[PDB]
Structures are given as structure tokens and as C-alpha cells.
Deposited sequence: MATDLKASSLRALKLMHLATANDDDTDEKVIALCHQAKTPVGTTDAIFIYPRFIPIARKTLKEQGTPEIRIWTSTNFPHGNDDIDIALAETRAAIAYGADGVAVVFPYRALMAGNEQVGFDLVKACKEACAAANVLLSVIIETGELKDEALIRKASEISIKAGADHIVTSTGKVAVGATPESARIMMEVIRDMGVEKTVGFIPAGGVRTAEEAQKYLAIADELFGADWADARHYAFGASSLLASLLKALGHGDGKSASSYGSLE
């Protein structure tokens, strides 16, 4: 339908996370293989990547990619630590790394560290053919102008995607935050090279439809492919499947 069609689209764009142990990671890998298709990826801590890879292979869905997190969830301003975590995530075999932007440093007026941090990690990721997402933590930034600025620095420092949230603070994505961040991608004209990810608290099919509806409006209905769009979510999946007449 419109709702059915947007729900299947969002399911396929999902980076499925846990709502974390070996047993829970194994079950997540199974969960990502649904009655209506496979999610794009799973989202797990770095140490679970080799076991998750093995699990996906043996269920016959090796095309499910593996995303992980670094500088996470805190978004500290220590570059050596964020970069060392990113090297390890790559070494473990990550398809993508989501680094947390040093957003508290930006709130305190330091724009420069966010740039240096993100770019250091981007350089490591690019060499390994691994994607870098940058989580800016919109729920803590709050202010539209901080939101835009964090998105802009991230983009200049080489972010492959910009992400609203860690899922680890109270406030995650909103339609408003999502629009601000996508407006920045448009204003900078970086549509082709920078994707967008709403994450944290995206729980319903109708919620996912709205976020996707924003992107079709700004960029055209073809833009939000797996490269340029993901849902960082967990329980969303059950909602998506319900809307599709499953469960």
C-alpha cells in the first residue's frame, strides 16, 4: 500500500539492533532473516562481529552486513582512543563503523576536535573499505544550530552517513532533527556521498514512514537506498512486520 510499501522499504533499510551476549547476537542474526526479506545489516558491539559473521553465513544470509560502534556511547573528545577502537572494529571485520561525534566538546564551543576525530576515523575506515557513520546525538545537542553545525563538521571531516542518536540517551530521533540533518546534506549538496540515519526510539511503522517521507520530499523517492539511508532500531521490526501482515 503506502504504509505497506514504506514498511517493507524501511525493513530492508534496517540496521537491526538488540532491544548483548553470544546467545542474544545469534538470535539477532536469525531475527534479521524475516518472512518478507532480510534487513540491510545488524548493529552489534565489536567483540561479537566474528560470531555474528559465522551465524549469518551458516543461515545462508552472508549479504546481511555488520555494523558496529566506537567512541560509543559517550562521544568523548579523545581521538587516540576513538581511532584505536575504530582500528579494532575494522580488524574484527566490521562492514561499517558508527563513531560518536564529540558533541559535549562542540557544546562547550570546540568545533575543531569533532572535525579531527571524525577525519582520523574516516581515514582508517576508507583504507579498509569500511563505511563511517557519525552519530551526533541530537537529543543532547537540542539546539537546531548545534545540530546543523555538528552535521556540517561531520560531513566536512568525511562522514559517509550522519546519524541522529546512540539509542543510549533518553531522546533519540525526531521528525524535526531528521529534517534539520537532511536539510544540511541538501544545503551542502552532498546527497550522493552522505546518507542519513534516524536512530534511537524509532518503534512504529508509521514513525518510519514519516522519516522516509521526509527523504522522498527533499531528495526524490529514489534517493533513500541502502547506501544513503538506514534505520538504527530493534523493536521497529516487529511493527514493520505487523503492518505487512506478519505477527
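K.L.:
Could you give the ranges of the deposited sequence that carry no C-alpha coordinates?
P.N.:
The deposited sequence has unmodelled segments at 1-2, 22-24, 253-264.
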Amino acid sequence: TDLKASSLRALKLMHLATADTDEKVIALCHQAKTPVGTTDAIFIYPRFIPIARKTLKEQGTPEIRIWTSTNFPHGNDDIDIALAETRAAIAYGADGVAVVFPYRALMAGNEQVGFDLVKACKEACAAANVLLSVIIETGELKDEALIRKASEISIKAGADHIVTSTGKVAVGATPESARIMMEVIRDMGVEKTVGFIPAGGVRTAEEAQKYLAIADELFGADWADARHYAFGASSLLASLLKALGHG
From here on, numbers count along this sequence of modelled residues.
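K.L.:
Determine, for stretches 38-46 and 201-209, which one has the higher mean CA B-factor as deposited.
P.N.:
Comparing 38-46 with 201-209, the higher mean C-alpha B-factor belongs to 201-209.
K.L.:
When the Cα temperature factors in the entry are averaged, is it 20-28 or 224-232 that ends up higher?
P.N.:
Higher of the two, by average CA B-factor, is 20-28.
K.L.:
Name the residue from 84, 127, 97, 162 with the greatest C-alpha temperature factor listed in the entry.
P.N.:
That would be 127, according to the entry.
K.L.:
Quick check for you: using the entry's CA B-factors within this chain, is residue 65 in the lowest, middle or highest third?
P.N.:
Bottom third by C-alpha B-factor.
K.L.:
Grab the CA temperature factor for residue 108 from the record and place it in the lowest, middle or highest third of its chain.
P.N.:
Tercile = highest for this residue's CA B-factor.
K.L.:
Going by what the PDB entry lists, where does residue 190 fall on CA B-factor within its chain: lowest, middle or highest third?
P.N.:
As the PDB entry reports it, the C-alpha B-factor of residue 190 lands in the highest third of its chain.
K.L.:
Against its chain's modelled residues, does residue 142's Cα B factor rank lowest, middle or highest third?
P.N.:
Residue 142: CA B-factor falls in the highest third of its chain.
K.L.:
Going by the CA temperature factor in the PDB record, which third of the chain does residue 13 belong to: lowest, middle or highest?
P.N.:
Lowest third - that is where residue 13 ends up once the chain's C-alpha B-factors are sorted.
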